[PDB]
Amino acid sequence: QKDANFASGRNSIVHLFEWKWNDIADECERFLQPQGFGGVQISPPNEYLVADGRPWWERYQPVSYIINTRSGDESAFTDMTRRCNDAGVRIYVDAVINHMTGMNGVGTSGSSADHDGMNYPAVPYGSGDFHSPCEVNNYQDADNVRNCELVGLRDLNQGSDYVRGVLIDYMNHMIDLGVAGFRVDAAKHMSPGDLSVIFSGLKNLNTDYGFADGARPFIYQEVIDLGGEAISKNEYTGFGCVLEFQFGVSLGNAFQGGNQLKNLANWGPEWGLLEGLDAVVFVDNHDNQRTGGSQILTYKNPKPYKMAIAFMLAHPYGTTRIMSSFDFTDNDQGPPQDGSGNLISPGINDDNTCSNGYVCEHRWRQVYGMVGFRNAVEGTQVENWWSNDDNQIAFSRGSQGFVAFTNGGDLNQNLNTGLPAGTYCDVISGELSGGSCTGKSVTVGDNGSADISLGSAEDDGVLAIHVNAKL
């Protein structure tokens, strides 16, 4: 439940938000595998409501468990799992199991959705499978939060034997098709007692897709615990990992100048975070990048955003997830689509960037370069920690990688990188190509010492080097 089941020498899960199965299959082979990524978190693959305007959130209103959505049908889904698994890239399903729809309509596969009468014929679900209506309105009351309707969405009763059976069948069907685990949507709105039963009924991973015998599905749950509520994230770590929301909030503040970087020296549980092995971390996610404030760093604030992501990937704390967005100006706006409502596939430009309205943060040199960094320093710990007692910090990961940051003033120091002598290519400003560094390079002396230069006016406020990008 806490083992991501990544292939050897891989790290990070990329949320390919609203991507189609065929495109993900291509991405696994042409980019994710070559760059050392570990997996992909896909949007809900089960039939959901066809809402007016086709907003991104229609995917969070299930109509049934038939695998047919705007991302593709079951055939396309299997093609994706076969190809991605062959490429050593795992697939994680966004499991929406707390509710159905908030209104009447039809699903992406044509199934009927009767919110009013609580009838979902394709499953089937009827009134007796739901909690009596009431609305979630008091977060100081755990029963209200879990047993009532979340924003008008009919609330399933996971206490029911019939419902548990249906959910276990859905999830086991996904396991049969080669998925490695699940992102559990709105876990805080469900009872741990029911979830433990459901997760225990899940079969081992399908060895036909390259998993070891006895491999268990990876479980990571959305709780959103920032303290001061009836429900705690600690109630869910007995059977899986929890998405650590405090991580992005604290990092977003620090890297925006709300806290001196030197204070990150004891970053981890001391800051109120979950124990590392129980956490899945991220800078921003599909939900919080749509905010009425600026506490969360997103692609729209590039510089500090890339700095926070780099820190996340350089630090040994938790399992890392990277957001991959589509351009948006409005919060309800759905992904790129044509006149008929079909999704428009991301186009890959000559400079490896995407067209057709996708941000493709995972294709940014600074991001994939750091995924490479994380692979190179696997198994090491933070060492050679340095700071100017303000907003300039640096540290190495064993003797395999070194990273430096500045969020105030120019960094010009002869620091101990802990790395073997040689010339290293800075993976943030460039990479090793044709036998030379396309960007900046750092010369490490016989003692591991080196002149680190990083102006506060450069496009990036981070410099990273490692043994796999050495000349």
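From 1 onward, residues are counted along the sequence shown.
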Margin query: Averaging CA B factors per stretch from the PDB record, which one is higher: 71-79 or 228-236?
Written below: 228-236
Item checked: Greater mean Cα temperature factor according to the PDB record, 364-372 or 319-327 -> 364-372
Check: Going by the deposited entry, which of 340, 157, 191, 204 has the highest CA temperature factor?
Finding: 340
Notebook entry, point to check: Which one of 214, 248, 178, 357 shows the top CA temperature factor in the record?
Noted result: 214
Next item on the list: Pull the Cα B-factor of residue 271 out of the PDB entry and bin it into the chain's lowest, middle or highest third.
Entry: highest
Check: Hey, what third does residue 293 fall into on Cα B-factor, ranked over its chain?
Finding: highest
Note to self: Where does the C-alpha B-factor of residue 462 rank in its chain, lowest, middle or highest third?
What the structure shows: middle
Check: How does residue 222 rank on Cα B-factor within its chain, lowest, middle or highest third?
Finding: lowest
Next item on the list: Could you say whether, by C-alpha temperature factor, residue 279 belongs to the lowest, middle or highest third of its chain?
Entry: lowest
